[PDB]
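Report on the structure given below.
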Amino acid sequence: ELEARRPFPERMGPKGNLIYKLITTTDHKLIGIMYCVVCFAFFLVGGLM
Amino acid sequence: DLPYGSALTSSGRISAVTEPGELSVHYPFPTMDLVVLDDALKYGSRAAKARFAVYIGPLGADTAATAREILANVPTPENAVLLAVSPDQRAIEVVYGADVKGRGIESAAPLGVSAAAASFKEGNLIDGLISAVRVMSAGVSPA
Amino acid sequence: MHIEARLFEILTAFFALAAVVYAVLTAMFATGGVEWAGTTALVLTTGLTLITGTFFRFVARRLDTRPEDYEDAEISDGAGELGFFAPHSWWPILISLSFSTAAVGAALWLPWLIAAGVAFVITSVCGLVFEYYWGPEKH
Amino acid sequence: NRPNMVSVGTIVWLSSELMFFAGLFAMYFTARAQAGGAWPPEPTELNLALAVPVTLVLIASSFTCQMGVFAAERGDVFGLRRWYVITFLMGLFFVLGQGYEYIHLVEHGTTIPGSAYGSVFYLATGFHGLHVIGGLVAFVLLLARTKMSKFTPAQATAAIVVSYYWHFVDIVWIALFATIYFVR
Amino acid sequence: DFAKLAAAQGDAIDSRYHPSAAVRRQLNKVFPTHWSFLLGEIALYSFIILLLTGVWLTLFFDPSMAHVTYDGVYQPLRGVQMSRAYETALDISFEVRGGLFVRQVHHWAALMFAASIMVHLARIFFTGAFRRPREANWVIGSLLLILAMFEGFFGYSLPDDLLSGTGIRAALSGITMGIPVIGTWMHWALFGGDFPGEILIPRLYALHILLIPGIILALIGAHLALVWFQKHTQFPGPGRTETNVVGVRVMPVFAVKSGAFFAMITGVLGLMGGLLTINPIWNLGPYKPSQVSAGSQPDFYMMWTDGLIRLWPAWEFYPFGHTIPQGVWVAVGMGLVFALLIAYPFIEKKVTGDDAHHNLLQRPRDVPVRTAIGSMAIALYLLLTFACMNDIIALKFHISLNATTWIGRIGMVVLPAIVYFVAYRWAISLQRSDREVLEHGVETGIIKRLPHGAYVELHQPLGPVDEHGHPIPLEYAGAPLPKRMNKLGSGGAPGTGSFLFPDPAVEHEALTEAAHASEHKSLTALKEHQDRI
Amino acid sequence: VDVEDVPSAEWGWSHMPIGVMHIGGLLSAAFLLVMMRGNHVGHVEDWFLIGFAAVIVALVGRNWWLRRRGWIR
Ligand SMILES: CCCCCCCCCCCCCCCC(=O)OC[C@H]1O[C@H](O[C@@H]2[C@H](O)[C@@H](O)[C@H](O)[C@@H](O[C@H]3O[C@H](CO)[C@@H](O)[C@H](O)[C@@H]3O)[C@@H]2OP(=O)(O)OC[C@@H](COC(=O)CCCCCCCC[C@H](C)CCCCCCCC)OC(=O)CCCCCCCCCCCCCCC)[C@@H](O)[C@@H](O)[C@@H]1O
Ligand code: HEM
Ligand code: HEM
Ligand SMILES: CCCCCCCCCCCCCC(=O)O[C@H](COC(=O)CCCCCCCCCCC)COP(=O)(O)O
């Protein structure tokens, strides 16, 4: 019962993994992540104010 | 026979859990060393178009028949190059499939054994694995 | 889907009572009489929940129990095709850029920018609505 | 055996869009309570010889729209097209009749800057007219889509929800017409 | 009658000139039908309209700098001193029936000519159409773009109004005289002395109506002849090879399409000429050195140069009692830009090492570095163009004018770097999007719940499948991949009839069957040609 | 580049050397810093130039360090 694994999971996707997804995605999981990132950037801006 | 909190689902997948604050993986090596070994494996395999694999564990008494048994667990094993190590028995084995024969592995596999053994005598297990993978993949051609 | 209708009907009962109570209590012993803004808002909040609840209640009495409405439904009761869910589209960001163009035009009062933004909105909304209906090109 | 998802989404959105008109009705009633006895004030002379026929045309567009819906539910794309073209023409007539009323009101001194009554009258009726224009755009887009592929149940659902929007616009107009031209 | 006449004239022509074989070779020439291969002929048709309307304009224009007093109908300028050039430009727009329309069609056609050249250049660059054997023809096109820029500039300088004269004083006179060692000699050779002088407008007129357009016509002839006898490139696709051309013959399909496109371009330019005001010179007044107006933009194809002047810092050198002023930078910059544009194919073959014959185009996603570079260049061009309009943007969009200058200055470095990075990643991302369809087929958008509760999307394979049912992964062939099931025919057709009434069902059935049979036969023909070659 | 990184690597120019981008970043930062020399009397823009130059230098340095340490290729 030996299952081959990687020593560590992939840190990031390859080049081109994300940018076209961001502007074409209909995946609610990715959209939720995008919401969280952008809302937190706005939180930092409002906190600086 | 399933661990605590693990369940066999209607698809056959296992749905498991971890206690809060505990880890799923727990390999006894630092994260950045694991990342270095993962990169060595990935970019050595890409550069040679042969899947490189590493085994750590008990190799038995013959230790080469056991290593040939373990190579059957690597995906596409005919094109794979496994480096198995027994820290207890202090044994180093390299086993590869038929697709890799004649591509430079007869020269490089003993070099990988030597590279691993040099680092093991300093007590550096993951460093030995990384060095051996680097030398063996640098010596195999995508042929 | 009787619980879905019941939720909106309960909200409707509360909103209608609040609207009637507020109008009657401000008509009597409140300066100026009926407070028209809040009364109007409460009446039409009641209307909002009434529209949705009446639609749900009419839908519920048509179709018999769905597997999500059934207390001891099996997972295999829901086997089959669900429907169409768009796999990808870059038309939503174009629609939002168009609407933002028209909004910047309205903010700065530039009628030509408003016209351009409205034209962009119509083109982008057409692009969205037709995306899965354009046939093959003809030659 | 299951709800029409597009239908429920459309109904939910229309109920929300009722609150937008709630805001405008609140503005109108606030200005009317502050009128001081003159509502509409001079020189505004509303005429029902033209508002009533335009209202009746908009109401009859609802029956023509429902006929189109019956054709769509029947699977008859050509009957749907004919009834929706008639509905489009009637709603366009409503928009032009409203514009003519606007033009005659402006010449006699009822404008948005001119008076508080002009402000509420024009925001209320003009945002409703914008909703009518949006519904006409919706008819045009739906009718073009029926020429793009074969008439499926999804296409018929699109026709049905466009009709839900048109009925909402007609009913909002009935409410606005009652409160402006009779509850003065 | 009408047929016997054609045979008689055909025999008379063939007995005298024996042109049958050469004419037939021209009729059988095949052109690819891609929509983007129509971009060059927008420029050609704009040039033809420019020639016709310009010939009409030369019948009325007096390009003299001689000062006169206006005696025409336009009351707001009665008694005002002006040149004969401004005089006759006013006479065209007010005293000749149709003169304002012809003048506006000329100016709109000039704008469409420059914009068409830009867009067509973008196609050439991003698809790799400049590669050998076609380097020279890229060079000829580059020269055509430079000549068009200066031709349009000289053309709108001719009426000698306040705005265009302000443009002449700053760019043609100021930058020129600033040139080191030879600057002032070039100025006095061009102007015959100091600005403004008395020869400038007649000389620019001679350059504008004959000399520059003659060079442009010769270069366009060479350009089109090279395209014609080198046989236009094509995109990869079914049946397309490095050694063939797939498309339609000239007779009749390509000729009809070209003529109809010419008519439609003419219609658009005619609608613009009589629906949108361009350059209403009577509002500007005659040129006087003591006057100026806010908003001194050139035509758009010159704006980037003007934008560069606005953005470059006040860096000057004063060596040994001499002056190197700021404008010299701009001059050098322009040269550099032009030299980089003309030289690009040789730069890229030196960098990439690729010196092979190429007749198949590259999709822009598949050459990520060149696409990123071209996007970077377009970003810089747009930044300089909008910097030229920074004062208008400041007024209309409520930005400090000083802030717009600094936004342009910093963005001139930062925006091209950002655009390069984004365009590079975006191109590779489109490559990955193509790969996904190649391994898994087309996502149909239909979600299905399996009996054990899994959710799966239905895929439409583009090739053969397994015994398990998964598609065999296909190899990328440089061609686009379908991503919508409706674009593969899944939607069917509505049903034959007018928009309001159906046709008889038998007619609909026959028509649909014939359409499907024809589509299948066309696919089979391309497939069997591909299989054979 | 490998086709695992750029799928259409054999169809077109897909690799730009990293030294070109590192040096271009450093030169762009230096150019931002040299526009502090001018006729302008305010310093708001000087701070904007300093900030953009600092961000560029930080990005170049991070990329160079992570390539040297082997964390990115
Ligand atoms: C946010 C991220 C960073 C960290 C968090 C927050 C940082 C920001 C903090 C900045 C605080 C600024 C002060 C706030 C208050 C304000 O509002 O201001 C004050 C006053 O100021 C001006 O008066 C000056 C005096 O007070 C008066 O006494 C005097 O008289 C007047 O004299 C002028 O005028 C006279 C005629 O009147 C002439 O006689 C005379 O010669 C002269 O010209 C003065 O003016 P002057 O010097 O022109 O300007 C200077 C003002 C003006 O404000 C300003 O800070 C300017 C705004 C600076 C903006 C910074 C941009 C940041 C860069 C970007 C992030 C880059 C891109 C990256 C994005 C994402 C990256 C990811 C990929 O102070 C300053 O710069 C403060 C110095 C420090 C600024 C901070 C710089 C940090 C960046 C460096 C490090 C790089 C980053 C690291 C990267 C890894 C006049 O305006 C006044 O009205 C006004 O009232
Ligand atoms: C007056 C300006 C120009 C005119 C009228 C013009 C006209 C045309 C026409 C009609 C074509 C053939 C059809 C097509 O592909 O679109 C063509 C092809 C070509 N043009 Fe242009 N062009 C001009 C400028 C340029 C420019 C600026 C370039 C690039 C710098 C260029 C390079 C080419 C090349 C390389 C081809 C052949 C491309 C191929 O076969 O696919 N031309 N030109
Ligand atoms: C590449 C071709 C050309 C371009 C880009 C071009 C551009 C222009 C422009 C922008 C103007 C200013 C128009 C205005 O009044 O508003 C102009 C003026 C003029 N052009 Fe052209 N032109 C071209 C070719 C020609 C040709 C071949 C002729 C001569 C037959 C000509 C004759 C004139 C004349 C006489 C004027 C001055 C009269 C006037 O401004 O109205 N042009 N040109
Ligand atoms: C351009 C002015 C005159 C155009 C008429 C010429 C084209 C029609 C003549 C031939 C077609 C009909 C059959 C026929 O008569 O066969 C013959 C005529 O054609 C020829 O053999 C030579 C024609 C080559 C000249 C064409 C050059 C340019 C014309 C293109 C115009 C679009 C005569 O038939 P016969 O001798 O009776 O067998």
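Below, chains carry the letters A, B, ... as their sequence lines are ordered, and counting in each starts from 1. All values below were derived from every heavy atom in this structure, side-chain atoms included, with hydrogens, water molecules and symmetry-related copies excluded. Indexing begins at 1, ligand by ligand and atom by atom, following the structure's order.
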Quiz item: For atom 68 (C) of ligand 1, which candidate among F:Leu49, F:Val55, F:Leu32 provides the closest heavy atom?
Solution: F:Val55
Self-check item: Where ligand 1 meets F:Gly42 - atom numbers and elements under 4.0 angstrom, heavy-atom basis
Solution: 43 (O), 48 (O)
Practice problem: Going by heavy-atom distance to atom 1 (C) of ligand 2, choose the closest among E:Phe31, E:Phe113, E:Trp138, E:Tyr344. | Solution: E:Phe113
Quiz item: With a 4.0 Å cut-off on heavy atoms, is E:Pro19 touching ligand 4?
Solution: no
Self-check item: Salt bridge present between E:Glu135 and E:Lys349 (N-O < 4.0 angstrom)
Solution: yes
Quiz item: Which heavy atom in F:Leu26 sits nearest to a heavy atom in F:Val60, and how many Å separate them?
Solution: CD2-CG1, 4.0 Å
Self-check item: Protein contact to atom 58 (C) of ligand 1 [nearest heavy atom, distance to 0.1 Å]
Solution: F:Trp47 CB, 3.6 Å
Practice problem: Identify, for atom 5 (C) of ligand 2, the protein heavy atom at the shortest distance, and state residue, atom and that distance. | Solution: E:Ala43 CB, 3.5 Å
Exercise. Tell me which protein heavy atom sits closest to atom 67 (C) of ligand 1, plus the residue, atom name and distance to 0.1 Å.
Key: F:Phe52 CE2, 3.5 Å
Self-check item: Top protein contact for atom 26 (C) of ligand 4, by heavy-atom distance
Solution: E:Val23 CG1, 4.8 Å
Practice problem: May I ask whether atom 74 (O) of ligand 1 is less than 4.0 Å from at least one protein heavy atom? | Solution: no
Self-check item: Shortest protein heavy-atom distance from atom 34 (C) of ligand 2, along with the residue and atom involved
Solution: E:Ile124 CD1, 3.5 Å
Quiz item: What do you think, any protein heavy atom under 4.0 angstrom from atom 20 (C) of ligand 4?
Solution: no
Quiz item: In the protein, what heavy atom is nearest to atom 47 (O) of ligand 1, and what distance, to one decimal place, separates them?
Solution: F:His43 CD2, 3.0 Å
Exercise. Nearest heavy atom to atom 2 (C) of ligand 2 wins, so pick from E:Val119, E:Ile117, E:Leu39.
Key: E:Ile117
Practice problem: For atom 28 (C) of ligand 2, grab the closest protein heavy atom and report residue, atom and distance to one decimal in Å. | Solution: E:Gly141 CA, 3.7 Å
Quiz item: atom 31 (C) of ligand 1: protein heavy atom closer than 4.0 Å?
Solution: no
Quiz item: What protein heavy atom sits nearest atom 24 (C) of ligand 4, and how far off is it?
Solution: E:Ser20 OG, 3.8 Å
Self-check item: Protein heavy-atom partner closest to atom 23 (C) of ligand 4 - residue, atom, separation in Å
Solution: E:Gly10 O, 3.9 Å
Quiz prompt | Heavy atom of the protein closest to atom 7 (C) of ligand 4 (residue, atom name, distance) | solution = E:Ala6 O, 4.5 Å
Quiz item: To the nearest 0.1 Å, how far is atom 85 (C) of ligand 1 from its closest protein heavy atom, and which atom is that?
Solution: F:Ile50 CG2, 3.7 Å
Exercise. Kindly indicate whether the side chain of E:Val419, heavy atoms from C-beta on, has any atom under 4.5 Å from the side chain of E:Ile378.
Key: no
Quiz prompt | Distance flag for atom 49 (O) of ligand 1, protein heavy atom under 4.0 Å | solution = yes
Self-check item: Side chain proximity check, E:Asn359 to E:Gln234, heavy atoms < 4.5 angstrom
Solution: no
Quiz item: Can you tell if the side chain of E:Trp108 reaches within under 4.5 Å of the side chain of E:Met112, non-hydrogen atoms only?
Solution: no
Quiz item: To the nearest 0.1 Å, how far is atom 37 (C) of ligand 2 from its closest protein heavy atom, and which atom is that?
Solution: E:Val227 CG2, 3.8 Å
Self-check item: Minimum-distance protein heavy atom relative to atom 42 (N) of ligand 2
Solution: E:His223 NE2, 2.9 Å
Exercise. Could you tell me whether atom 43 (O) of ligand 1 has at least one protein heavy atom nearer than 4.0 Å?
Key: yes
Practice problem: Distance to 0.1 Å, residue and atom name: give those for the protein heavy atom nearest to atom 40 (O) of ligand 2. | Solution: E:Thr233 N, 3.2 Å
Quiz item: Hey, looking at atom 51 (C) of ligand 1, which of F:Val44, E:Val414, A:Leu44 has the closest heavy atom?
Solution: F:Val44
Practice problem: Using a distance threshold of 4.0 Å (strictly less than), state whether atom 13 (C) of ligand 4 has a protein heavy-atom neighbour. | Solution: no
Exercise. Hey, can you tell me if E:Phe130 and E:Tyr344 have their rings parallel, tilted or perpendicular (30° and 60° cut-offs)?
Key: perpendicular
Quiz item: atom 9 (C) of ligand 2: which of E:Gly40, E:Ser36, E:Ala114 has the nearest heavy atom?
Solution: E:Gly40
Quiz item: Once the angle between the rings of E:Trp406 and F:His40 is folded into 0 to 90°, is it parallel (under 30°), tilted (30 to 60°) or perpendicular (over 60°)?
Solution: perpendicular
Self-check item: Nearest-neighbour protein heavy atom for atom 89 (C) of ligand 1, which is reported as residue plus atom name and distance
Solution: F:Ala54 CB, 3.9 Å
Exercise. Report the nearest protein non-hydrogen atom to atom 91 (C) of ligand 1: residue, atom name, distance rounded to 0.1 Å.
Key: F:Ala58 CB, 4.1 Å
Quiz item: Any side-chain heavy-atom pair from E:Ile42 and E:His120 closer than 4.5 angstrom?
Solution: no
Exercise. Evaluate the ring planes of E:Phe150 and E:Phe153, with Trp represented by its six-membered ring, and classify them as parallel (under 30°), tilted (30 to 60°) or perpendicular (over 60°).
Key: perpendicular
Self-check item: Distance from atom 63 (C) of ligand 1 to nearest protein heavy atom, with residue and atom
Solution: F:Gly51 CA, 3.5 Å
Exercise. Considering heavy atoms of the protein only, find what lies nearest to atom 2 (C) of ligand 4 and give residue, atom and distance to 0.1 Å.
Key: E:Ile13 CD1, 3.8 Å
Practice problem: For atom 16 (O) of ligand 4, find the nearest protein heavy atom and state the residue, atom name and distance (0.1 Å precision). | Solution: E:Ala7 CB, 5.0 Å
Quiz item: Do any N/O atoms on F:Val41 end up under 3.5 angstrom from N/O atoms on ligand 1?
Solution: yes
Quiz item: Is there a protein heavy atom less than 4.0 Å away from atom 96 (C) of ligand 1?
Solution: no
Quiz item: Is E:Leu341 touching ligand 2 with its side chain, its backbone, both, or neither, if touching means heavy atoms under 4.0 Å apart?
Solution: neither
Self-check item: Any E:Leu224 heavy atom less than 4.0 Å to ligand 2
Solution: yes
Quiz prompt | Under-4.0 Å protein heavy-atom contact, atom 71 (C) of ligand 1 | solution = yes
Practice problem: Number the atoms of ligand 2 from 1 as they appear, then name those within less than 4.0 Å of a heavy atom of E:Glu41, with their elements. | Solution: 10 (C)
Exercise. Run the numbers for me: atoms of ligand 2, each under 4.0 Å from some heavy atom of E:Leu44, listed by number.
Key: 5 (C)
Practice problem: Output yes when a protein non-hydrogen atom is found under 4.0 Å of atom 8 (C) of ligand 1, and no otherwise. | Solution: no
Quiz prompt | Nearest option to atom 38 (C) of ligand 2, as decided by whichever heavy atom of E:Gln234, E:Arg123, E:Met118 sits closest | solution = E:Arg123
Practice problem: Write out the residue and atom name of the closest protein heavy atom to atom 16 (O) of ligand 2, then the distance separating them to 0.1 Å. | Solution: E:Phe37 O, 3.1 Å
Quiz item: Got E:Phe37 and E:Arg123 here, is their nearest side-chain heavy-atom distance under 4.5 Å?
Solution: yes
Practice problem: Check E:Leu144 against ligand 2 and report side chain, backbone, both or neither, counting heavy atoms closer than 4.0 Å. | Solution: side chain
Quiz item: Which atoms from ligand 2 have a heavy atom of E:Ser142 less than 4.0 Å away?
Solution: 30 (C)
Exercise. State yes or no: are the ring centers of E:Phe235 and E:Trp35 separated by less than 6.0 Å?
Key: no
Quiz item: Would you say ligand 2 has an N or O under 3.5 Å from any N or O of E:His120?
Solution: yes
Self-check item: Side-chain donor-acceptor contact under 3.5 Å, E:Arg240 with E:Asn244
Solution: no
Exercise. Please name the pair of heavy atoms, one in E:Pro313 and one in F:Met35, separated by the smallest distance, quoted to 0.1 Å.
Key: CG-CG, 4.0 Å
Practice problem: Distance to 0.1 Å, residue and atom name: give those for the protein heavy atom nearest to atom 15 (O) of ligand 2. | Solution: E:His232 NE2, 2.7 Å
Quiz prompt | Identity and distance of the protein heavy atom lying nearest atom 5 (C) of ligand 1 | solution = A:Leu48 CD1, 4.5 Å
